[PDB]
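Comments concern the structure below.
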Amino acid sequence: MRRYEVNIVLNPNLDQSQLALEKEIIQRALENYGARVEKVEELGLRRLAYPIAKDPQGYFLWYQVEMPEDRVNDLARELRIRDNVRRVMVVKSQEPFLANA
Amino acid sequence: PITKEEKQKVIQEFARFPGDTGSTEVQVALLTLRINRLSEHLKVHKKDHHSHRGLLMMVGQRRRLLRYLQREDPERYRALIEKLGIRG
Amino acid sequence: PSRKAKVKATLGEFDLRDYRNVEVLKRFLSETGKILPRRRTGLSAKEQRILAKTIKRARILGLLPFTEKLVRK
Amino acid sequence: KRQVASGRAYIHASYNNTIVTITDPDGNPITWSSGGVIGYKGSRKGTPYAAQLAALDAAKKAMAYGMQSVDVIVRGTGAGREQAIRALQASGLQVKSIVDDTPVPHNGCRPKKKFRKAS
RNA sequence: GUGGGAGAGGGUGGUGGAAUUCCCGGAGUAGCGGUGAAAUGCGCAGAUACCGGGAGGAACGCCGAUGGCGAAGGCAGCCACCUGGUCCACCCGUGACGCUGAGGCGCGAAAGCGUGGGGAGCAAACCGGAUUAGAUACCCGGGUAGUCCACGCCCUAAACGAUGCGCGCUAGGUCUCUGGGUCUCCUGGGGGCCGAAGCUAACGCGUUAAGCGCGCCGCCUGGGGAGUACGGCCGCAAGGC
Ligand SMILES: NC[C@@H]1O[C@H](O[C@H]2[C@@H](O)[C@H](O[C@@H]3[C@@H](O)[C@H](N)C[C@H](N)[C@H]3O[C@H]3O[C@H](CO)[C@@H](O)[C@H](O)[C@H]3N)O[C@@H]2CO)[C@H](N)[C@@H](O)[C@@H]1O
Ligand SMILES: NC[C@@H]1O[C@H](O[C@H]2[C@@H](O)[C@H](O[C@@H]3[C@@H](O)[C@H](N)C[C@H](N)[C@H]3O[C@H]3O[C@H](CO)[C@@H](O)[C@H](O)[C@H]3N)O[C@@H]2CO)[C@H](N)[C@@H](O)[C@@H]1O
Ligand SMILES: NC[C@@H]1O[C@H](O[C@H]2[C@@H](O)[C@H](O[C@@H]3[C@@H](O)[C@H](N)C[C@H](N)[C@H]3O[C@H]3O[C@H](CO)[C@@H](O)[C@H](O)[C@H]3N)O[C@@H]2CO)[C@H](N)[C@@H](O)[C@@H]1O
Ligand SMILES: NC[C@@H]1O[C@H](O[C@H]2[C@@H](O)[C@H](O[C@@H]3[C@@H](O)[C@H](N)C[C@H](N)[C@H]3O[C@H]3O[C@H](CO)[C@@H](O)[C@H](O)[C@H]3N)O[C@@H]2CO)[C@H](N)[C@@H](O)[C@@H]1O
Ligand SMILES: [Mg+2]
Ligand SMILES: [Mg+2]
Ligand SMILES: [Mg+2]
Ligand SMILES: [Mg+2]
Ligand SMILES: [Mg+2]
Ligand SMILES: [Mg+2]
Ligand SMILES: [Mg+2]
Ligand SMILES: [Mg+2]
Ligand SMILES: [Mg+2]
Ligand SMILES: [Mg+2]
Ligand SMILES: [Mg+2]
Ligand SMILES: [Mg+2]
Ligand SMILES: [Mg+2]
Ligand SMILES: [Mg+2]
Ligand SMILES: [Mg+2]
Ligand SMILES: [Mg+2]
Ligand SMILES: [Mg+2]
Ligand SMILES: [Mg+2]
Ligand SMILES: [Mg+2]
Ligand SMILES: [Mg+2]
Ligand SMILES: [Mg+2]
Ligand SMILES: [Mg+2]
Ligand SMILES: [Mg+2]
Ligand SMILES: [Mg+2]
Ligand SMILES: [Mg+2]
Ligand SMILES: [Mg+2]
Ligand SMILES: [Mg+2]
Ligand SMILES: [Mg+2]
Ligand SMILES: [Mg+2]
Ligand SMILES: [Mg+2]
Ligand SMILES: [Mg+2]
Ligand SMILES: [Mg+2]
Ligand SMILES: [Mg+2]
Ligand SMILES: [Mg+2]
Ligand SMILES: [Mg+2]
Ligand SMILES: [Mg+2]
Ligand SMILES: [Mg+2]
Ligand SMILES: [Mg+2]
Ligand SMILES: [Mg+2]
Ligand SMILES: [Mg+2]
Ligand SMILES: [Mg+2]
Ligand SMILES: [Mg+2]
Ligand SMILES: [Mg+2]
Ligand SMILES: [Mg+2]
Ligand SMILES: [Mg+2]
Ligand SMILES: [Mg+2]
Ligand SMILES: [Mg+2]
Ligand SMILES: [Mg+2]
Ligand SMILES: [Mg+2]
Ligand SMILES: [Mg+2]
Ligand SMILES: [Mg+2]
Ligand SMILES: [Mg+2]
Ligand SMILES: [Mg+2]
Ligand SMILES: [Mg+2]
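Protein chains in written order, with the working numbering: chain A, 1 to 101; chain B, 102 to 189; chain C, 190 to 262; chain D, 263 to 381.
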């Protein structure tokens with residue numbers, strides 16, 4: 001059981017219901033691939049350096065989770081199934097490494 | 102892959118006397134473990150050769166150690182084999 | 190050339206595994222999209238090497254640009 | 263017959279020919295020119311001269327649509343990319359900016375032998 | 001063993017943007033392309049140039065190096081899983097368990113073969129245009145295998161450090177990657193450079209030996225005939241030993 005970080009960038013265009021629906025499907029996802037959520041950051045609408053899906057912006061979440069490694073990929077596969085989801089990036093959590101310290 | 106726990110089991114299992122880390126027994130048991138883990142990896146990924154080199158080297162070390170056991174103590178040897186399900 | 194500004198003297202302690210931090214990572218891309226050399230970052234061998242990956246993760250998410258058009262010239 | 267007056271100028275440069283297309287702010291071409299547009303036939307189309315000419319022509323035809331302001335995109339590395347720039351600069355058109363767009367791959371396709379020893 | 005470190009080492013799955021080609025749509029008009037110069041070629045069924053959308057294949061710019069990993073061939077976008085080697089500190093455990101290694105088995109760039117698949121760019125053969133005294137070529141326009149994927153063969157090479165493996169002994173200076181410590185410095189593993197002694201036909205090698213030594217394998221014996229003939233063995237073949 002390892003710590004990862006799940007990055008999800010979805011539609012700038014979602015209103016309250018559609019978005020809290022997406023978030024709901026994400027919860028259900030994580031939960032049914034066996035992930036416990038340690039902390040979360042919803043940074044929301046933010047300004048992309050290049051256009052993704054013809055939209056210049058994206059809605060950013062990040063979730064730091066503990067899950068079984070063996071299912072990690074399938075989880076992402078699931079997260080990606082959704083239409084409104086245009087980026088998924090899962091990382092194995094790494095301890096912060098800082099220059100100038 | 103192989104947890105500090107899985108390892109601990111196998112060592113505390115095979116140790117002559119408590120705290121015996123590197124006896125011929127133990128080494129042969131860790132090896133067997135690593136080898137079976139690895140050959141299992143290689144029943145899929147039959148295309149991964151560089152690992153399979155690791156495997157041959159590993160079996161070399163194993164056999165080395167055993168023929169040394171057979172040399173010094175035909176007992177500890179025979180017993181450790183049957184317990185470890187080797188000779189093939 | 191390149192003895193004028195080293196991006197290491199620019200900020201002090203900063204997380205180099207942080208691929209979400211735009212304005213800091215963004216400090217390492219040239220006028221084009223290009224990831225700057227060790228020269229002008231003045232990073233260390235390993236620092237540089239780590240910058241590479243974290244910046245590519247940033248790129249892939251949409252935070253950092255892949256290539257940018259050159260102004261003037 | 264749009265009457266554009268604010269627009270884009272694209273200079274495209276070869277060791278073969280230099281070619282200037284002018285569009286509206288939306289990228290849609292109004293008028294253009296090249297080395298062969300003016301009478302040059304052979305290699306001559308790649309001359310800095312030939313380039314100056316194509317520039318000037320393109321701009322003049324563009325005054326006919328009533329253009330004044332233009333932002334300038336440049337692609338290709340060519341002889342006379344810069345004389346075409348310089349040409350347009352005072353064609354009496356006002357150059358509001360210049361950009362180098364010359365497209366570079368991340369190693370997409372094996373170039374022809376002519377371009378190899380690199381990928 | 002324990003605890004920490006660096007890495008294009010390997011297998012699988014997913015996946016990102018740049019570029020080319022193709023298709024669709026808009027704007028647009030007389031040429032584009034290509035060369036020493038040109039022609040073949042493409043364009044009025046509207047090409048090049050430009051903007052918008054889509055499809056597909058292949059390869060991963062910058063970082064990137066004087067760098068890292070690997071037994072070797074060789075390995076470079078990013079993510080995850082599986083997995084091999086390796087190094088440092090602790091000096092904890094085994095107690096000579098070591099070295100080399102005929103045969104055997106495994107791997108083994110490229111090209112090449114079989115079954116399918118895929119085929120954007122490139123491109124043997126090939127079809128053209130130029131060039132030339134000719135030009136079965138160098139240049140130009142096309143193009144098939146192939147290059148790509150899976151599975152199975154093929155076993156070759158300037159497969160090169162043209163330098164077999166292991167261990168010990170023999171001044172140093174400097175650059176670098178990467179661990180450790182009482183962190184001006186010290187200490188361990190790797191990549192370079194200059195040099196003591198020494199060696200070498202010379203060039204040059206010199207703690208990454210081509211020096212001084214021991215173990216063990218492979219290999220050499222004037223040039224051509226010849227990597228040929230013959231026999232055997234392997235191979236679907238091409239061919240290999
Ligand atoms: N990351 C994928 C890798 O695929 C490798 O090989 C895979 C691919 O190369 C190959 O073909 C795939 C396939 O999806 C399909 N038939 C077409 C597709 N374009 C290919 O994927 C492609 O991806 C990149 C671009 O992203 C291409 O440059 C490359 O030719 C190809 N790998 O099929 C294989 C499996 O689908 C290895 N199995 C492994 O390294 C890894 O899984
Ligand atoms: N997985 C398919 C592979 O394709 C290969 O195709 C390779 C060859 O065509 C070519 O090799 C060239 C070489 O001429 C030259 N000596 C060095 C050069 N850097 C290489 O090129 C390569 O460089 C790097 C590789 O990381 C890439 O950035 C670049 O895209 C690639 N063209 O680049 C390709 C990328 O590997 C080989 N057949 C082999 O590696 C393997 O079969
Ligand atoms: N393989 C290259 C990459 O290495 C990074 O991490 C790798 C290395 O940093 C790390 O090295 C560890 C070492 O830290 C640790 N102290 C001991 C461990 N044995 C090592 O791992 C190594 O040896 C083991 C067998 O012992 C192998 O299973 C493994 O493949 C090998 N990396 O093992 C990781 C996996 O090999 C990347 N995060 C990972 O994605 C990727 O594997
Ligand atoms: N897009 C067109 C393509 O045409 C292809 O056409 C291919 C096949 O028709 C043909 O292969 C035939 C084989 O089908 C038949 N059973 C026996 C025959 N002796 C083979 O002959 C071939 O063998 C090799 C491949 O091993 C080919 O590369 C070569 O053209 C030919 N000697 O070789 C062609 C070249 O690849 C395939 N249908 C497929 O790749 C694709 O549809
Ligand atoms: Mg060993
Ligand atoms: Mg003996
Ligand atoms: Mg005895
Ligand atoms: Mg020309
Ligand atoms: Mg790797
Ligand atoms: Mg994934
Ligand atoms: Mg595209
Ligand atoms: Mg069209
Ligand atoms: Mg016509
Ligand atoms: Mg015609
Ligand atoms: Mg438009
Ligand atoms: Mg387009
Ligand atoms: Mg230098
Ligand atoms: Mg230097
Ligand atoms: Mg090496
Ligand atoms: Mg090599
Ligand atoms: Mg002791
Ligand atoms: Mg020790
Ligand atoms: Mg004792
Ligand atoms: Mg004895
Ligand atoms: Mg050996
Ligand atoms: Mg091979
Ligand atoms: Mg091949
Ligand atoms: Mg084939
Ligand atoms: Mg075809
Ligand atoms: Mg071609
Ligand atoms: Mg050709
Ligand atoms: Mg010809
Ligand atoms: Mg002729
Ligand atoms: Mg001839
Ligand atoms: Mg033709
Ligand atoms: Mg063989
Ligand atoms: Mg052989
Ligand atoms: Mg050397
Ligand atoms: Mg070497
Ligand atoms: Mg070496
Ligand atoms: Mg050798
Ligand atoms: Mg050894
Ligand atoms: Mg030194
Ligand atoms: Mg130096
Ligand atoms: Mg130097
Ligand atoms: Mg330190
Ligand atoms: Mg050294
Ligand atoms: Mg090396
Ligand atoms: Mg020297
Ligand atoms: Mg001397
Ligand atoms: Mg001398
Ligand atoms: Mg000698
Ligand atoms: Mg011989
Ligand atoms: Mg021989
Ligand atoms: Mg003779
Ligand atoms: Mg031969
Ligand atoms: Mg014979
Ligand atoms: Mg036969």
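By construction, the Cβ of each residue, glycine as well, lies at the ideal position given by its N, Cα and C atoms.
Reference residue i; option with closest CA among the options
i, options, result
"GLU212(C)", "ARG227(C), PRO226(C), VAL196(C)", "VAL196(C)"
"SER296(D)", "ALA380(D), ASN369(D), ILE281(D)", "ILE281(D)"
"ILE112(B)", "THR104(B), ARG163(B), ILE103(B), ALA130(B)", "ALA130(B)"
"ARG138(B)", "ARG179(B), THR104(B), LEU181(B), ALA180(B)", "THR104(B)"
"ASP204(C)", "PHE255(C), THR243(C), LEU252(C), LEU253(C)", "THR243(C)"
"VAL9(A)", "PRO51(A), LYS92(A), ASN100(A), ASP70(A)", "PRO51(A)"
"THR339(D)", "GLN265(D), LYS263(D), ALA275(D)", "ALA275(D)"
"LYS54(A)", "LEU98(A), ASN13(A), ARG3(A)", "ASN13(A)"
Buried versus exposed, by CB contacts within 10 Å (16 or more), residue i
i, result
"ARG86(A)", "buried"
"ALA349(D)", "buried"
"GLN345(D)", "buried"
"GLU78(A)", "buried"
"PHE377(D)", "exposed"
"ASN278(D)", "exposed"
"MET329(D)", "buried"
"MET67(A)", "buried"
"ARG28(A)", "exposed"
"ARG248(C)", "buried"
"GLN16(A)", "exposed"
"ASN32(A)", "exposed"
"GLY269(D)", "buried"
"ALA20(A)", "exposed"
"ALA380(D)", "exposed"
"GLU22(A)", "buried"
"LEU45(A)", "exposed"
"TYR169(B)", "exposed"
"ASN73(A)", "exposed"
heavy atom of ligand 7 below 7 Å from residue i C-beta
i, result
"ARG179(B)", "no"
"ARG172(B)", "yes"
Residue i Cβ short of 7 Å to ligand 3 heavy atom set
i, result
"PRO96(A)", "no"
"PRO310(D)", "no"
Cβ-heavy atom distance, residue i to ligand 10, below 7 Å
i, result
"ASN73(A)", "yes"
Test item, CB below 6 Å from any non-hydrogen atom of ligand 8: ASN278(D), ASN279(D), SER305(D), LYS307(D), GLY308(D)
Would you list, in chain order, the members of the segment 62 to 96 of chain A that have their beta-carbon closer than 9 Å to a beta-carbon of chain C? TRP62, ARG86, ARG87, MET89, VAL91, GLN94, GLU95, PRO96
With distances taken from each beta carbon to the nearest heavy atom of ligand 15, which residues come in below 6 Å, in chain order? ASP288(D), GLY289(D), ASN290(D)
Anything in the segment 348 to 370 of chain D with a Cβ closer than 8 Å to a Cβ of chain C? List those residues in chain order, please. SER359, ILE360, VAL361, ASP362, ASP363, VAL366
Residues, ordered as in the chain, of the segment 18 to 51 of chain A that lie near chain C by beta-carbon distance below 7 Å: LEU48, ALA49, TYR50
Any residues in the segment 191 to 216 of chain C with a beta carbon nearer than 7 Å to a beta carbon of chain D? Which ones, in chain order? none
Residues, ordered as in the chain, of the segment 240 to 259 of chain C that lie near chain A by beta-carbon distance below 8 Å: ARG246, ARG248, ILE249, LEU250, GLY251, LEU252, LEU253, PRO254, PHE255
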